[PDB]
Amino acid sequence: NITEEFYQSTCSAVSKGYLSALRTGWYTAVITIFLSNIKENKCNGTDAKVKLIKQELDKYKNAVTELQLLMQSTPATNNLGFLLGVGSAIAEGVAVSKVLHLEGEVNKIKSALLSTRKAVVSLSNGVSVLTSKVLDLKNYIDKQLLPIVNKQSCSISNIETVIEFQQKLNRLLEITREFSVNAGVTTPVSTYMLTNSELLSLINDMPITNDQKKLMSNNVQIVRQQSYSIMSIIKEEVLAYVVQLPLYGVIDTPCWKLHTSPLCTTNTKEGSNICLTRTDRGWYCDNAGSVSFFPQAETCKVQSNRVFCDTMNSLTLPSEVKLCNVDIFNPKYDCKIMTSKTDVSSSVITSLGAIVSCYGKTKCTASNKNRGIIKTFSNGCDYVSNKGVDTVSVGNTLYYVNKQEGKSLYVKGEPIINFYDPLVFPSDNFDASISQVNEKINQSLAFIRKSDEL
Amino acid sequence: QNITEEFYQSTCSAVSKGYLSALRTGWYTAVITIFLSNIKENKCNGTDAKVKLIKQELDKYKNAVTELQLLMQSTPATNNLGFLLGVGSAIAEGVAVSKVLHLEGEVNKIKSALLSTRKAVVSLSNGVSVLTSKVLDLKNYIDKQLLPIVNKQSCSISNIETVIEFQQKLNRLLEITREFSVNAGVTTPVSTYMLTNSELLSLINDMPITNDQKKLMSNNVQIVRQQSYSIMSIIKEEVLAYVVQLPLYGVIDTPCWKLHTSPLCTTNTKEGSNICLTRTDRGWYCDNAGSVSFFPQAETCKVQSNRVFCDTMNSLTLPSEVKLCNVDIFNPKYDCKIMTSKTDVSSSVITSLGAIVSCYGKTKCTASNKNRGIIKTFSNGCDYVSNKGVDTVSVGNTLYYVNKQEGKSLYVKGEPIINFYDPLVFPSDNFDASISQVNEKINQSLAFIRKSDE
Amino acid sequence: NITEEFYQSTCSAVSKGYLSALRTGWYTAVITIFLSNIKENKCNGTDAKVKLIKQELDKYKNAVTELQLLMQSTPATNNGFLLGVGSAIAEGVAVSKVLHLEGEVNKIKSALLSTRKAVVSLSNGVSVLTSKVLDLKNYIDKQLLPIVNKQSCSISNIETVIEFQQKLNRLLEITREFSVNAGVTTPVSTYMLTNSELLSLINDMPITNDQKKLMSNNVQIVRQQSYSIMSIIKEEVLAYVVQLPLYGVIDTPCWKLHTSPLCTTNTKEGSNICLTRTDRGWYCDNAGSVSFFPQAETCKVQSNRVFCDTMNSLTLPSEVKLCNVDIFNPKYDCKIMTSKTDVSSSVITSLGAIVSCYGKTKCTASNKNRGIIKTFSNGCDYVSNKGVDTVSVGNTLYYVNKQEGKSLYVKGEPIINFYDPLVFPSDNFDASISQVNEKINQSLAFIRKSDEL
Ligand SMILES: *[C@@H]1O[C@H](CO)[C@@H](O)[C@H](O)[C@H]1NC(C)=O
Ligand SMILES: *[C@@H]1O[C@H](CO)[C@@H](O)[C@H](O)[C@H]1NC(C)=O
Ligand SMILES: *[C@@H]1O[C@H](CO)[C@@H](O)[C@H](O)[C@H]1NC(C)=O
């Protein structure tokens, strides 16, 4: 059950009640497609049906040409955030594929998949991989296609032999279009890279918990968007690429989303107002005794009450950062603010409603679709829940509120920007903390007092 | 069309006038359904070749259908000086529509209204009257043409023309699923698979707007699609329904202008003794309801040669006196915004009808013609050159191109305002401010220096 | 072969050893698909094999009509710190508007009547090599025109549907892409430009044969850096402009800069001052100056070669190279930023990983087989990738380039220790070495005279 609190005193909001799925590990597997080494050229005859085998046979040499160029390439992920300088996310799959490039690794695959279509392959340089045959084009091409090419005089048969070769190429050709427009590395993992059957199975044969197995299966569209598929080789009549799947080694811990907006004084004199915005907006999830914080919006994906994030894109904070929602002046964690003189209207749509910051002569309203205007916001920072509100307007900008189901609570309090004397309030867009502003106030009180010695 | 441009030397900036507005203020939503037929009975022996083909194309028909059910189970969304934005949700109104279709009993209501015909308005329940279109009727084809073949245990293997025909009639159904599954069921731009021009043009032409707005959308169908969303909803009870959300241009043929700025720095020799200044709120500006809507980010507004298509969701409402800054940056009615610094480095900005060059220090700043070559060499300072004679511009080892789009430019002569500032008290840490807010900081230092005269 | 130096003095590393491939110019060709002008069925009847062709002709027309809506829609893309703004496809938009002039198409069609490849001088001075990649007009006018465009029309065989589909394929995909991409696409696909045409088009380019091997062996990078521009479908020919890159600077040294926060390690929270070298990214020697590429996307790497678009560059003095040898040198004023944020973090370099660790933070470095092999102390420290597979700072795990290369550790005393914390401007001052000196001296000035009593 999702609930939201609003803190009038700091113009912030926490959406509590969520449940974590935090990627911690990776699960790589190798997917092979066995290709039949069709050499070159057709059979003496230009029957339009033989002309048609050519065209579709021209596609297969071309698909192989592209996959041959991506093998030779050095794959790499082309995907206020100066706190992040992260590395690669496919370092583990590149780690398998550079070893698939070693001479003699393809025969080690061909041995393991001789009786089965899935086995764990013990190959060179100290890595095991689950390798899976998903497609056997060797059986087809060399059995009921190649003799019609193995015949220097091919009488093209009934037409349905051209339709069928279109159908067994189709997937391989969809694979190559993805790889070829993504320099080898594709995300999300499509259903042509890994069909539901194969994926729902590959998860099943993942050594994970029953907790993690049921979570991934019920969230397959979430899994594919945070997985990778990585072209590796086409070599010795086999195509292979590595797939890189997320491992959610944190589950069902509490998460919450912080929401923030400017908190300013509301004096009539123009320019003479100072502002205050808590600045660590984003996702927080309890993790391993600390708090994992995801400043990027793009990093986390919600499926109705569960937050899937990638710990690579996160900052580790002590659990006392939670106190920043209890009391910003607590002596245990120096809460982050930043100051300014910019009292400009702006509304933040939260998880269960909207923070509205209205200053000056700005028209700020909250509305129901059938009822009409149900609130007009005064200067200062207010909030409206999502019971009865469908939209919020600030000036001429229209914001839709979330209508999912949850209890809000409005937590009263005095706007803390009232606790500061403006004359010595540092407003030069100063991204600091609570004490580091007090850092400057005592200096500013003293810098005036020292010149008061006469 | 007709586009003009004034380059202001006094402040190292330009404004392009003559554009006319089309600002998105609302969403027109429609329900697009493709009737299906519920089959799971692939019982057929038919070892002969023309059954394997129909078996395989049919299999594609189920794994698409399965992909689409997982999407019904999902909850989609989007995450869409450029920071002040309004954080909202682009597709909240089409998700409202899609919630009712998840209620049980809503599909018959659709089938009741859409029984004979293709386009009707459907009262679903609790505040939903939605235009629904039936864009393809597979059920008839599958009960009438394809059920006789597969569903009989005889399984009379129909002509090869059936294998090809069924491929035609899956293709749209099969491209739609590709698009939804790799975008998580929200797509943009709305693609022709999702909505044809015949379909789109009709929906436009029967949008309850004026023929003007109809005439505008029909002649900018590619802009319209780029600003329209399509959200999958449900595949249920032999019906597939996806919600289509089309932009509604509530502000039309109001004047727009684009603001370009570049740094205005001094040209003293002793290096690092030069101060700078830069007008800040660059972007698109349009006249909108007695106010000015300002769209700081470039990916928002789209131009077709003289018409600017902006989404008001990503705008900032400003008083019509923000126009004063393009008249006099020292005006008393709007506190024009500037940011200041001491790092003076060359850079160039391509305007709508020319290019600003801000040449500073040891840099080679030129502007060339295609036929003649280098036709201008920038002395130190901020200057301008228009597209009447110039094709390109090089600043250091970087080359920009200019628009050969036709339009009268105007070089407005005047003295750079940073010559008015005494460098000793100039605030130039990296102050992100206004003219007066700067002047405020200038007064304090002067006051504290006047005191230090004893 | 690649190497990497870490500078303990200033918590930064430079990775040397790269060869530049800098896109300084463009190269436009026009791609044409000759089409046929054909209209409504005129086959009255509903034969099964005839309804298949009606669908396939409907796709043709719906693709032709949606192409037409692209020929009159102004095409452009939206292609970054103190970087300015340019327009990536103006070289191609130049040609595309000439093709809209009248007569240009018969001039094209004249030179390409017998040959598939020619150079055509259009009526504004500059000429363009133009090429013919699909001739459907002959196919629609010779093989199909008879059947469909006659009142009496036996559908000769079902194979007539198949080849019309197969001859239709590229035109239908070329229309798909141009439609989600408002007539300009990147990277260039093989539907837009197959491999043979591309290799050929490279072959005919006026470049060094060192340059031709470079593109030919990096086609996939070359495609990422090319654009495709929809121009016209009018008077029985579909023409779009391809704009391929001209890497006018080759075989010069490149290097990439990584930096991290360098703070003091007093135990008192907040009593620490930090220091970070700014302007991190890729640098390459270019024409007596050094082009700096601030954005990660602007350069694409193939192991020791860097392909960068110089539109998204900056031209810096070559003395900026001294900021890696002595950040106090009197010839170039090295850029830093001060803070009081002493957070632990890691940066993954070209050959290792920088860990700047602070507070009570657990920062290790681990091997796949061995486990932790180093717990970092409070400070800014480095580790080479021989031995190391991953790094953890808190609960976040970073992998490391396993790329072959040598690293050298340069010991020095952290510069953050050469500052009096009492007068150090640590209010997130994006400034330089001497600009920070100036705030210190001025602060030491108001300290100086106000303390004569
Ligand atoms: C001066 O310092 C005290 C503690 O040293 C701090 O709490 C206070 O906020 C400062 N003065 C003002 C007016 O804030
Ligand atoms: C500074 O204050 C004086 C009054 O002492 C005022 O006249 C002047 O206009 C102020 N400076 C500026 C730049 O407005
Ligand atoms: C600052 O300038 C004064 C000039 O009186 C000079 O004596 C002093 O050495 C300078 N600061 C430093 C750190 O050298």
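Residues numbered from 1 in each chain as written, not as in the entry; some residues may be left out. Chains lettered and ligands numbered in written order. Heavy atoms only, no water. Residues with missing side-chain atoms left out of burial classes, pairs and counts.

Its PDB record attributes the structure to X-ray crystallography, giving the resolution as 3.10 Å.

The name the PDB entry assigns to chain B is Fusion glycoprotein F0, from the organism Respiratory syncytial virus. This structure appears in the PDB under the title "Multistate design to stabilize viral class I fusion proteins". Quoted verbatim from the Sequence similarities (unreviewed entry) heading of the UniProt record, the comment on chain B is "Belongs to the paramyxoviruses fusion glycoprotein family." (UniProt positions renumbered as here; feature names shortened; annotations may be inferred.)

As recorded in the PDB entry, chain A goes by Fusion glycoprotein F0 and comes from Respiratory syncytial virus. Its UniProt record gives chain A a comment under Sequence similarities (unreviewed entry), which states: "Belongs to the paramyxoviruses fusion glycoprotein family."

> What should I look at first to understand the sheet that holds strand β22 (residues 379–384) of chain C in this one?
Consider a sheet: its strands pair through backbone hydrogen bonds, and that pairing is either parallel or antiparallel. All names here are of chain C. If you walk across this open sheet you meet the three strands as β18-β19-β22, and the pairing is antiparallel. Two strands in the sheet have a free side with no partner beyond their single neighbour: β18 (345–348) and β22. The sheet shows a mean angle of 15° between the axes of neighbouring strands, taken without regard to direction. Across four bridges, the pairing between β18 and strand β19 (residues 352–357) is antiparallel. (Pairing = 2+ DSSP bridges. Helix = DSSP H or I, 4+ residues; strand = E, 2+ residues; numbered from the N terminus. Axes fitted to C-alpha atoms, helices over the stretch in contact; angles between N-to-C directions.)

> Help me understand the sheet that holds strand β17 (residues 346–349) of chain A, please; the structure alone is not making it clear to me.
All names here are of chain A. With antiparallel pairing, the three strands of this open sheet are ordered in space as β17-β18-β21. On the outer flanks of this sheet lie β17 and β21 (380–385), each paired with one strand and no other. Within this sheet the neighbouring strands show an average axis-to-axis angle of 15°, counted without direction. Of the strand pairs in this sheet, β17 and strand β18 (residues 353–358) are connected by four bridges, and their pairing is antiparallel. By the bridge assignment, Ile349 is partnered in β18 with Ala354.

> Got a minute to help me understand unusual backbone geometry in this structure?
What you tend to see is this: most non-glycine residues have negative phi, and most peptide bonds are trans. In this structure, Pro188 of chain A follows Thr187 of chain A across a cis peptide bond, with omega equal to 5°. Each neighbour pair has its own omega, and for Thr188 of chain B with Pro189 of chain B the value is -10°, a cis peptide bond. Position of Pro189 of chain B among the secondary structure elements: in the loop between β5 (186–187) and α6 (197–205). We note that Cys12 of chain B has phi near 60°; this positive angle belongs to a residue other than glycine. By the element assignment, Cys12 of chain B lies in the loop between β1 (4–8) and β2 (13–35). Judged by its relative accessible area of 0%, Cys12 of chain B is buried. The backbone phi angle of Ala182 of chain C is positive, close to 35°, even though this residue is not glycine. Examined against the element boundaries, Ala182 of chain C turns out to sit in the loop between α5 (159–180) and β6 (184–185). With a relative accessible area of 23%, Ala182 of chain C lands in the partly exposed category. (Buried < 20%, exposed > 50% of the residue type's maximum accessible area, 1.4 Å probe, protein only.)

> What is the right way to read the environment of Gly87 of chain A from this model?
Counting through the fold element by element, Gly87 of chain A comes out in the loop between α1 (48–71) and α2 (91–100). With 203 residues separating them along the chain, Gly87 of chain A and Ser290 of chain A place their C-alpha atoms 22 Å apart.

> For this particular structure, what's the right way to read the site of ligand 1?
Residue and element names in this part refer to chain A. Around ligand 1 sit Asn438, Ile441, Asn442 and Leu445, and that is every residue in its neighbourhood. In the model, an oxygen atom of ligand 1 is placed 2.3 Å from a nitrogen or oxygen of the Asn442 side chain. Taken by itself ligand 1 offers 350 Å² of open surface, and the protein chains cover 40% of this. Taken together, the residues of the shell around ligand 1 break down into two nonpolar, two polar and no charged. (Near = heavy atom within 4 Å. Polar contact = N/O pair within 3.5 Å; in protein donor to acceptor, adjacent residues only side chain to side chain. Areas by Shrake-Rupley, 256 points an atom, 1.4 Å probe, with all protein chains shown as cover. Nonpolar A, V, L, I, M, F, W, Y, C, P; charged D, E, K, R; others polar.)

> Looking at this structure, I do not really get the interface of chain A and chain C. What am I missing?
Accessible area lost upon the coming together of the parts is a frequently used measure of interface size. Taken together, the contact pairs 38 residues of chain A with 31 residues of chain C. Those elements that provide at least two residues to the side of chain A that touches chain C are α1, α2, α5 (160–180) and α9 (434–450) of chain A. In terms of residue class, the side of chain A that touches chain C is built from 15 nonpolar, 13 polar and 10 charged. (Contact = heavy atoms within 4.5 Å.)

> Whenever I open this one, the domain arrangement of chain B confuses me. Can you help?
All names here are of chain B. On domain assignment, one finds that chain B holds domain 1 (4–21 + 259–451) and domain 2 (37–189 + 227–237). One C-alpha centre belongs to domain 1, the other to domain 2; they are set 51 Å apart. On the domain 2 side, the residues contacting the 10 residues of domain 1 number eight residues. Carbon and sulfur atoms supply 62% of the area buried between domain 1 and domain 2, which totals about 850 Å² over both sides. Taken together, the links from domain 1 to domain 2 amount to zero salt bridges. The interface formed by domain 1 and domain 2 includes two residue pairs in polar contact. Counted by class, the side of domain 1 that touches domain 2 contains four nonpolar, three polar and three charged residues. (Domains from an automatic or database assignment. Buried area = accessible area lost by both parts, 1.4 Å probe. Salt bridge = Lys/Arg side-chain N within 4 Å of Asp/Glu carboxyl O.)

> Even after reading the chapter, I still don't get the nonpolar core, so can you show me in this structure?
Across soluble globular proteins, nonpolar side chains have a tendency to be buried as a group. Ranked by internal contacts, the top residues of the largest apolar core, which has 221 residues, are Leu35 of chain A, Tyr61 and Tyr242 of chain B together with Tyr60 and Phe164 of chain C. In terms of residue count, helix α1 (residues 48–71) of chain C provides more of this core than any other element does, 10 residues in total. Once residues lying within four places of it in the same chain are set aside, the contact partners of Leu35 of chain A are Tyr60, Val64, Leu137, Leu172, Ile234, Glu237, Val238 and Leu239 of chain A. (Core = buried A, V, L, I, M, F, W, Y, C linked by side-chain atoms within 4.5 Å.)

> What is the right way to look at the packing of α5 of chain A against α5 of chain C in this model?
Helix-helix packing: each pair is described by the crossing angle between the helix axes and the interaxial distance. Contact pair α5 of chain A / α5 of chain C: the axes reach a minimum separation of 14 Å and the direction vectors enclose 10°. One finds that α5 of chain A runs roughly parallel with respect to α5 of chain C. Facing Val162, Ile163, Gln166 and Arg177 of chain A of α5 of chain A, the residues of α5 of chain C in contact are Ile162, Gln166 and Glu173 of chain C. Class assignment for the residues of the contact of α5 of chain A with α5 of chain C results in three nonpolar, two polar and two charged. (Parallel < 35°, antiparallel > 145°, perpendicular 65-115°, else oblique.)

> What exactly am I supposed to notice about the domain arrangement of chain A here?
Residue and element names in this part refer to chain A. What the domain assignment lists for chain A is domain 1 (2–21 + 254–450) and domain 2 (27–247). For domain 1 and domain 2, the distance between their C-alpha centres works out to 48 Å. Contact with domain 1, which involves nine residues of that partner, is made by 11 residues of domain 2. Across the domain 1 to domain 2 interface the summed buried area is about 950 Å²; carbon plus sulfur atoms make up 73%. Summed over the three residues of domain 1 that lose the most area to domain 2, namely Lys301, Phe308 and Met312, the buried surface amounts to 50% of that side. If you look at where domain 1 meets domain 2, you find zero residue pairs in polar contact. Every element with two or more residues in the side of domain 1 that touches domain 2 is listed here: β13 (301–303) and β14 (306–310). Within the side of domain 1 that touches domain 2, the residues separate by chemical class into four nonpolar, three polar and two charged.

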